[PDB]
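Read off the chains here:
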Amino acid sequence: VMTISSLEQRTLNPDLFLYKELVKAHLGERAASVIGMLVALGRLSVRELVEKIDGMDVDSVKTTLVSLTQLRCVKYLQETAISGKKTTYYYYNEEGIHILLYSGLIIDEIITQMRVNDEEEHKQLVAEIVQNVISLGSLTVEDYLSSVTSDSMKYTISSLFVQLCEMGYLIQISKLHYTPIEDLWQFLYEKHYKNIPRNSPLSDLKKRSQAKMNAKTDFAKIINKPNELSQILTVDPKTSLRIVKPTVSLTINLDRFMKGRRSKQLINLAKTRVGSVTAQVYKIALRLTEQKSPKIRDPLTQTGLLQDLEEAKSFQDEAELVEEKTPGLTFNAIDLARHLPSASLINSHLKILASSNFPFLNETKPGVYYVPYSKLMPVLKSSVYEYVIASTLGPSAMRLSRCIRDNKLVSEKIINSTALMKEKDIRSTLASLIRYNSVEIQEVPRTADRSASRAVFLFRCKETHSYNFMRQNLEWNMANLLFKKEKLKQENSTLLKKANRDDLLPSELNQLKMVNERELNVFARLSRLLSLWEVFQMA
Amino acid sequence: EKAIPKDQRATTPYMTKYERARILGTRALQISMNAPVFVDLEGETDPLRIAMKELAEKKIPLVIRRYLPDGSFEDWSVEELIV
Amino acid sequence: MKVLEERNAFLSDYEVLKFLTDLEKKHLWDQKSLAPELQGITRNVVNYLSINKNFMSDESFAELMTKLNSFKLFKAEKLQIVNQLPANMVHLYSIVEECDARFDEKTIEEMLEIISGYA
Amino acid sequence: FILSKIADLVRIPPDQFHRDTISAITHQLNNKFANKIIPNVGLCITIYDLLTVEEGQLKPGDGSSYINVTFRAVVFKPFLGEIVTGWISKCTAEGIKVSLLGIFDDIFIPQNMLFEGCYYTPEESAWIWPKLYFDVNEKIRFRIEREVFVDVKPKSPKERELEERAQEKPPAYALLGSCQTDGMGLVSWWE
Amino acid sequence: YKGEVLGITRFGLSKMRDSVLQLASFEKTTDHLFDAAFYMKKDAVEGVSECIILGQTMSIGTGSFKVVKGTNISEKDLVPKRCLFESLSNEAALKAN
Amino acid sequence: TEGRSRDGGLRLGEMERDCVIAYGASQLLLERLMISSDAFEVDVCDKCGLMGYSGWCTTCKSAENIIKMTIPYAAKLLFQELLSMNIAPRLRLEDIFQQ
Amino acid sequence: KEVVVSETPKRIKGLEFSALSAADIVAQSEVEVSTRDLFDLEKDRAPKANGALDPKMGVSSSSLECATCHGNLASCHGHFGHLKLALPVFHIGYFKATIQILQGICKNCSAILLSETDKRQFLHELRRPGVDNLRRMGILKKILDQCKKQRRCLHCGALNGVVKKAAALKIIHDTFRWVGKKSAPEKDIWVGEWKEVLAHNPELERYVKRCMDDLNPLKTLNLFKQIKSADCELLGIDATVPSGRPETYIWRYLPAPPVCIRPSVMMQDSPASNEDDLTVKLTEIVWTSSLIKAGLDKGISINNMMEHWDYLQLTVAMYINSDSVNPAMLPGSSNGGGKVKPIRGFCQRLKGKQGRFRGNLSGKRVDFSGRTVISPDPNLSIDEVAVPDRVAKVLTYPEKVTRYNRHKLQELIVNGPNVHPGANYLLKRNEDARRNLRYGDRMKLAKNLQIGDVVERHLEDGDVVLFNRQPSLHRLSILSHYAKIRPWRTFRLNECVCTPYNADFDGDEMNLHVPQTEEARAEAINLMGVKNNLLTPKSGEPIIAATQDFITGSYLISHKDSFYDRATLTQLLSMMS
DNA sequence: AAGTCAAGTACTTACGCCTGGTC
DNA sequence: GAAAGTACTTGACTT
RNA sequence: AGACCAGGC
Ligand SMILES: [Zn+2]
Ligand SMILES: [Zn+2]
Ligand SMILES: [Zn+2]
């Protein structure tokens, strides 16, 4: 009745509307059009935009194009055909809107981890700098330096610039860094099948080894190019201190921002399982070793090509061995209570972090101890997931979830016995558990091929389907959240315009405090479930 | 969209019997709606028989319009057409 | 229905009465032959218009341009002074912005004397 | 007053075939607008001239004549700030409502931007100034300020039949203004 | 003419015609209605048996042409006449400034 | 209806239907199979093409875009049949005039 | 006030076929079913309240105020309302296509399994500007047979097999034809899973096995909620997104039909009112639906509810279709017996021939008609057909009196609807109900008779009527003649033509149709007329001429032997004319 | 082990229209 | 019990 | 309303 229950919008926009919702708040109108269409139909051509919508031809497209490029909201690729001419195809770019869905959250960690400098002028300084970075979408150093006032300290803002290069965070602008992972692999795939001068028709399987191995080493140099390079940033001419290259520009990055929150999730699990001091001891390790830790960067070869059935492991364990290599080889030798803002050696507090392992924290090698980034994720997904059902439903829903996960695929016979207590309430919460997916249903017959009821039942599996249900939690929570926040704007729009011109009456101040209240609380709810989604996007 | 000039036409100069069906039908319908008549009327009844008489002297003030497949339009006057 | 433009060349009120005298002339021409639903605007226009200037002309209108040209008052005021509050002091002070303003002592009184040269 | 330029399609029956086109289209266009209010262009009074008229078409199911023509209609609106003669009609405590005999009573000036010392009384005395005042039947000069447009007729059958068996918002064309510049509201204060 | 010999039978009657109603007319019921909805077909109302459903005219025979009458109106008298408005107004502002 | 003791009528069959088609007469078919049998008017909106009562489109309340025309009763009944089951037989309209 | 109103003539261009998704039915919703079973008769005067049938849905009777609108039968047409179905009960018609949408997608990640340039090539193909419908089914087939051979999913996890749809309405996908004697990483877990089963109770699993894996309608619906945007185009679904993409091919809501679809059948004597089969269907649905609604929490168990929900997909399938009613199912009560044929309520009445599309829709009925036997006559010239005055009294025709008819038609009014030259009806331009002239009046009523009125005169000479024989064969069946008024009763026409109708007389039957508008009337005689139809459409030879006695009669007259005299030749010429 | 040409089983329609009595 | 055709899940034969 | 059977061309 009256449809105000929002059943109208409920069915028809999975994923999708997420993107063009955000960019609408960003810009709106034409900007939401192109991207929203770039999503729905996927790969898109310049002329193709005009055909579909009748979008105010060639005035809007050329305007939106450069607008999307500066903030790099479009993945760009150009090639040709055997017939002739040229073609330029655009893709929905990485997650760049998610960064627009981040903003201050990134700047948060930027300010908080800028410590080792104690409560300085930095707070107002780089906050002005970083806000100028993301907003413009690209920043050249000299033109940025030109914006700084004269007859003052020029290297005060450059006191932290060469400190902006730091370890992670801001890196240089490079070339094809924005590029489809599938396409760059195919572009690098040339000169490999292209390589042989009619060599010899022996061992066809050697064409495999040739192309692959040569592509892998050529892939490593490309992906590690943005990762760590000290050429541009560490330039140090005389008559000065170390100063970043005035020519080469910079850009923000996925590296330590996606890592910092990943450590938080580890801390949240840590702090749960140990004391506050132990969480700190494990923290100081992660802060130093986060540089060489792939973690969030893990698959990196996954998108853009096949894995295998047979050779899947020969791919997978090839990654697992280099996931064995770098953490084992490179990472820190044993230190003693490094600095920090309990005397002697704190390794004893590590040993209590050692002896107690399951699920995680401190599995070791002889002579050197470090936490694996491979086997760690499964127990990380376990915990958070079980806490989700814990928060959602009562304590009954918890206990049964693992009851299916101890052994696997069994009937109600040993379940009723081994679970807890009562049949009818179990059947109740069985239907509540089986309500939305995640246990599926088992299909095996009884004394027939396929006939009817009384066939035996079992409960099992569905790890990825019990994952994706938290990916539905991604958009539709934030959706109505941000939407009815935006609807709160246009409703009070006549007031807000009056407030802006004023920057009177008893009741005009009332609705001023009203919206502002709702605003502050709706952003606190946004970042809340934002932190929840971020952990669920992997495995 | 625009009409081909009166100068040149690819269409046959004669008229189809299907055309005669609508002409007599149209004009007679306007008679029942109380229009005037451009021809001398002997004492009689009905719109139909006075319509055939109206066509005999070709007093119909109508211009027949035809269409090609490409939309090159057309213009054809009843009076000029001959059978 | 479809509109081909906002506003065409500015039409003040003179020829309204003149060409609604044509609308008059055509249908029944009112008061004379007295011895649809167009009567709403018909009786309305002629009454409001004519009653003003009583308590008009042909040539002198077109000859009123002379000093009305040399004056820089532009447009909005131009066709406005045709009817409202002729020829006394603060009357014309209301219609035109910067009425007293620039030129005061004599030149604006030249407006008063000529618009008093109306009737 | 001002001259609008619009286009339109006209249906003339067989009954008008005996007369001339221009005379037939005239009467029809007069039945179209006349006193009716035209959206966003202001209020229209009469019709002026005829142009562009071309060959009319015919649909197989009627036998009438449909012609699409454009014409320039005489409409009404002075401009944002114009002063024009009129006089009041009704009243309450809001502000005075001035009506120009010959067009509409739609003009209404509430008291906000009016003079500092004016107020309504329930005493049946209309308005008072701190120096004199007036009432209906006396002429008033009023300046235009604000103009508003509405359409709003999606009335529900559920909602419509409600008002029918049970037993205002008419702002089709509405103008209002601010007279605070001295010398407004009566012409005999001068002279 | 399509380049392959087929036709006149329900299996062969779907070759060219994209009109779903006339094909569901001759022989079929359930399949064509659901199939056209699945693939989200559009097509058009064009043919004869298609038009007799929606109850409108025909594109062949008597309905192959459009009947039109002349307006007979002259091309001259249409021109408007403006007086006294375009004289005083513009010429006043255009002198010396 | 058909038969006797109620009232009578006649039948144009699909076999006979082709005959009047072969003559090429459009006008005769417009009168006979529509006006002579069942003549019905239906309110339809250009946007979200559907059917409604009076000036209300239900799901969208406008009354501004609603255009009223004529159409056989069998059509509307078929549409109310189709739409009852899940399928969308949407209708879109254009204008005859303006060239 | 009083703003202007405009109108424009509008034709029909095309249609758009698709599935309404979840938004529209609740938007078109007037009321909600709720309740259950039980037509919800108020127990006093026995009116319906809410439920399936209700004061506002549609109306089955002549009074019955609708309360959505007023004017009952002669005004109201129909209104829509929805129904809530516990769990996503499966579809019927889309089921064949539901296998295909479930085919090309890999179950693990629930995404398309194709690879790069393959997809890139096909996406370029269909976007070629001109395309035949045949090309659609050609590629959409191809793309679906391309995913058959590939045993390897690309970017996501592990993989699986094909879906062969084995059973009806039971979808089970067999993971099968795994690499022969080659250990899979998944198989090692697979066989390891069963080892923990056969350990506890070795009896049952070895007893019956190898049924592989199925897909529940609920979980395949949750499997359809992942893929959005990307490409649904290779799957046949284009998104301009009024519709929410193929999440709509599974029943969730439901469009409960108006009362204009099926009424409550009345009369047939008796002191009561009778429901119709389609009403019984959905009112039963609310029961078997709410059965799960009440359940699933408080009482019952796991495997009981199962077949009842499997019984639900049986009901809805039978509801809108035919042969899905008996997939290994029989109703018990007392036992006894089943086999009632007509129960099908939807796809049948809409089915071809008698029900809707052929018989009813293009098979419509002709008003203003007549039928009677045949009988010869020499005296009627061809294109003339004599119509008896007795059936000419009940056969009318519309006439609009203008400028001419004023004289005679006003005389026809005062004449009366008894004698032949009269009028049975009158219609004034002021739009009354109608004026039937039988009961009274006449007289003074003929004094006014304004021009814009309409009066129906009796059929008379000089009119146009088309003639027909029911077993139609060719173009020469339907013709058109002039009418006439003669005595007795019969349809008599010239013997010159027995050819086009193939008339042996013998007491056959002949159809009669009289046009209405002046347009169609002039169309019939000036085109379909006999004089123009004198020649056969095919051979180009005259199909009509003298026959039998006329032929042998002309022989003896022109016979070389016979002679005649002036007096005899005189009357013979006078017999000619 | 894909790619392969030839095999067993399962489906929708086969007559235009009318005029009578019977459950 | 209609007969006529068309469409849909499996084996030799290769590589 | 949905049914039947006989029979007509
Ligand atoms: Zn609508
Ligand atoms: Zn109703
Ligand atoms: Zn997959």
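Residues numbered from 1 in each chain as written, not as in the entry; some residues may be left out. Chains lettered and ligands numbered in written order. Part of a larger assembly, values for the part shown. Heavy atoms only, no water.

**Topic: the overall build of chain D**
(1) Moving on: Within chain D, the secondary structure is distributed over two helices and 13 strands.
(2) Moving on: For 191 residues, the compact-globule formula gives about 16 Å, and the C-alpha radius of gyration of chain D, at 23 Å, lies well above that figure.
(3) Moving on: Referenced to the eigenvectors of the C-alpha coordinate spread, the extents of chain D come out at roughly 75 × 50 × 25 Å.
(4) Moving on: Accessible surface, chain D: about 10200 Å² in total, of which carbon and sulfur atoms supply 52%. (Helix = DSSP H or I, 4+ residues; strand = E, 2+ residues; numbered from the N terminus. Rg over C-alpha atoms; globule rule 2.2 N^0.38 Å. Areas by Shrake-Rupley, 256 points an atom, 1.4 Å probe, with all protein chains shown as cover.)

**Remarks on the overall build of chain C**
(1) Moving on: If you tally the helices and strands in chain C, you get six helices and one strand.
(2) Moving on: In chain C, the order of α-helices and β-strands from amino to carboxyl end is β-α-α-α-α-α-α.
(3) Moving on: A globule of 119 residues ought to have a C-alpha radius of gyration of about 14 Å, yet chain C, at 18 Å, is considerably larger.
(4) Moving on: Along the first, second and third principal axes, the C-alpha set of chain C runs to 55 × 40 × 25 Å.
(5) Moving on: Evaluated residue by residue, chain C yields a buried proportion of 30% over its 119 residues.
(6) Moving on: In the form shown here, chain C has an accessible surface area of approximately 8200 Å², with 57% of it arising from carbon and sulfur atoms.
(7) Moving on: Of the side chains in chain C, 14 bear a positive and 20 a negative charge, and the two mean positions are spaced by 5 Å. (Buried < 20%, exposed > 50% of the residue type's maximum accessible area, 1.4 Å probe, protein only. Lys, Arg positive; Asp, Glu negative; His and termini not counted. Charge placed at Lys NZ, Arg CZ, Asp CG, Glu CD.)

**Description of the domain arrangement of chain D**
Residue and element names in this part refer to chain D.
(1) Moving on: Parsing chain D into structural domains produces domain 1 (1-78) and domain 2 (79-191).
(2) Moving on: Spacing between the C-alpha centres of domain 1 and domain 2 amounts to 34 Å.
(3) Moving on: Of the residues lining the interface, eight residues belong to domain 1; the matching set on domain 2 comes to eight residues.
(4) Moving on: Of the roughly 760 Å² buried between domain 1 and domain 2, counting both surfaces, carbon and sulfur atoms make up 80%. (Domains from an automatic or database assignment. Contact = heavy atoms within 4.5 Å. Buried area = accessible area lost by both parts, 1.4 Å probe.)

**Brief notes about the protein's contact with DNA strand I**
(1) Moving on: The local shell around DNA strand I consists of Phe-11 of chain E together with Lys-164 and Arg-177 of chain G.
(2) Moving on: Considering the 4 Å shell around the protein, atoms of DNA strand I inside it are sugar or phosphate in 100% of instances.
(3) Moving on: Between DNA strand I and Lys-164 of chain G there is a distance of 2.4 Å, counted from a phosphate oxygen to a side-chain nitrogen or oxygen. (Near = heavy atom within 4 Å. Polar contact = N/O pair within 3.5 Å; in protein donor to acceptor, adjacent residues only side chain to side chain.)

**Section: the sheet that holds strand β2 (residues 74-79) of chain A**
Residue and element names in this part refer to chain A.
(1) Moving on: Judged by pairing direction, the sheet is antiparallel, and its three strands sit side by side in the order β1-β3-β2 without closing on themselves. The open sheet terminates on both sides in strands that have one partner only, identified here as β1 (44-45) and β2.
(2) Moving on: Pairing analysis gives six bridges linking β2 to strand β3 (residues 87-92), with the strands arranged antiparallel. Looking across to β3, one finds that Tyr-76 is bridged to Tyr-90. (Pairing = 2+ DSSP bridges.)

**As for the nonpolar core**
(1) Moving on: One finds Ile-35, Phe-161, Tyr-282, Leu-380, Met-478 and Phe-536 of chain A to be the most contacted residues of the largest nonpolar core, which totals 82 residues.
(2) Moving on: By residue number, the principal contributor to this core is helix α16 (residues 376-392) of chain A, which donates eight residues.
(3) Moving on: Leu-78 of chain F together with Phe-95, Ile-99 and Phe-224 of chain G belong to the second-largest nonpolar core, a separate cluster that totals 73 residues. (Core = buried A, V, L, I, M, F, W, Y, C linked by side-chain atoms within 4.5 Å.)

**Structural notes on the interface of chain G and chain F**
(1) Moving on: If you look at the interface, chain G gives 68 residues, while chain F gives 51 residues.
(2) Moving on: Across the chain G/chain F interface, buried area totals approximately 6100 Å², and carbon plus sulfur atoms make up 61% of it.
(3) Moving on: Three residues stand out in chain G for area buried against chain F, namely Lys-10, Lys-364 and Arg-365 of chain G, and they jointly supply 13% of the buried area on that side.
(4) Moving on: Counting every contact that joins chain G to chain F gives seven salt bridges.
(5) Moving on: Residue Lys-364 of chain G pairs with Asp-38 of chain F through a salt bridge whose shortest N-O separation is 2.5 Å.
(6) Moving on: In this assembly, chain G and chain F are joined by 20 residue pairs in polar contact. (Salt bridge = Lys/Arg side-chain N within 4 Å of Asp/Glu carboxyl O.)

**Considerations on the coordination of the zinc ion (ligand 2)**
Metal coordination angles in their ideal form are 109.5 degrees for the four-donor tetrahedron and 90 or 180 degrees for the six-donor octahedron.
All names here are of chain G.
(1) Moving on: Within the first shell, the zinc ion (ligand 2) binds the protein through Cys-66 (SG), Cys-69 (SG), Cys-76 (SG) and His-79 (NE2), at distances of 2.1 to 2.4 Å.
(2) Moving on: All donors of the zinc ion (ligand 2) belong to a single chain; written as a sequence motif, their spacing is C-x2-C-x6-C-x2-H. Of this pair, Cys-69 sits in the loop between β2 (29-32) and β3 (80-82) while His-79 sits in the loop between β2 and β3; the two residues are 10 residues apart in sequence, bridging distant segments of the chain. For the residue pair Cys-69 and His-79, the accessibility class agrees, reading buried in each case. (Donors = N, O, S within 2.8 Å, 3.2 Å for Na, K, Ca; no water.)

**Examining the packing of helix α10 (residues 181-188) of chain A against helix α11 (residues 205-227) of chain A**
Residue and element names in this part refer to chain A.
(1) Moving on: Between α10 and α11, the least distance of the axes is 10 Å, while the angle of their chain directions is 125°. In terms of their interaxial angle, α10 and α11 are classed as oblique. Where α10 crosses over α11, the two elements pack in a sense that is right-handed. Where α10 abuts α11, its residues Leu-184, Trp-185 and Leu-188 lie against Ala-215, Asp-218 and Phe-219.
(2) Moving on: In terms of residue class, the contact of α10 with α11 is built from five nonpolar, no polar and one charged. (Axes fitted to C-alpha atoms, helices over the stretch in contact; angles between N-to-C directions. Parallel < 35°, antiparallel > 145°, perpendicular 65-115°, else oblique. Left-handed = near helix turned anticlockwise from the far one by under 90°. Nonpolar A, V, L, I, M, F, W, Y, C, P; charged D, E, K, R; others polar.)

**Examining the coordination of the zinc ion (ligand 1)**
All names here are of chain F.
(1) Moving on: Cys-48 (SG), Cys-57 (SG) and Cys-60 (SG) make up the full set of protein donors to the zinc ion (ligand 1), lying at 2.3 to 2.4 Å.
(2) Moving on: One chain supplies every donor to the zinc ion (ligand 1), and in sequence these donors are spaced C-x8-C-x2-C.
(3) Moving on: Residue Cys-60 is classed as partly exposed on the basis of its relative accessible area of 26%.

**Details of the arrangement of the chains**
(1) Moving on: In this assembly, 14 pairs of chains are in contact, and the pair with the greatest number of contacts comprises chains F and G.
(2) Moving on: Spatially, chain A and chain F are disjoint, and the shortest separation between their C-alpha atoms is 10 Å.
(3) Moving on: Structurally, chain C and chain F remain out of contact, their C-alpha atoms never closer than 13 Å.

**Topic: the protein's contact with RNA strand J**
(1) Moving on: By nearness alone, every residue bordering RNA strand J is listed as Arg-6 of chain F together with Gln-268, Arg-469 and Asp-508 of chain G.
(2) Moving on: Backbone sugar and phosphate groups make up 53% of those atoms of RNA strand J lying within 4 Å of the protein.
(3) Moving on: The separation between a base nitrogen of RNA strand J and a polar side-chain atom of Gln-268 of chain G is 2.8 Å.
(4) Moving on: Take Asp-508 of chain G: an N or O atom from its side chain is 2.8 Å from a sugar or linking oxygen of RNA strand J.
(5) Moving on: Here the residues of the surface near RNA strand J are counted per class, giving no nonpolar, one polar and three charged.

**Comments concerning the sheet that holds strand β17 (residues 464-468) of chain G**
Strands pair in a sheet through their backbones, by hydrogen bonds, and they do so in one of two ways: parallel or antiparallel.
Residues and elements named next belong to chain G.
(1) Moving on: Strand order in this open sheet of seven strands is β10-β20-β17-β18-β12-β19-β11, and the pairing throughout is mixed. Edge positions in the open sheet fall to β10 (369-372) and β11 (374-375), since each of these has one partner strand only.
(2) Moving on: Note that β17 and strand β20 (residues 510-513) share three bridges and pair antiparallel. Its bridge partner being in β20, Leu-466 is matched across the sheet by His-513.

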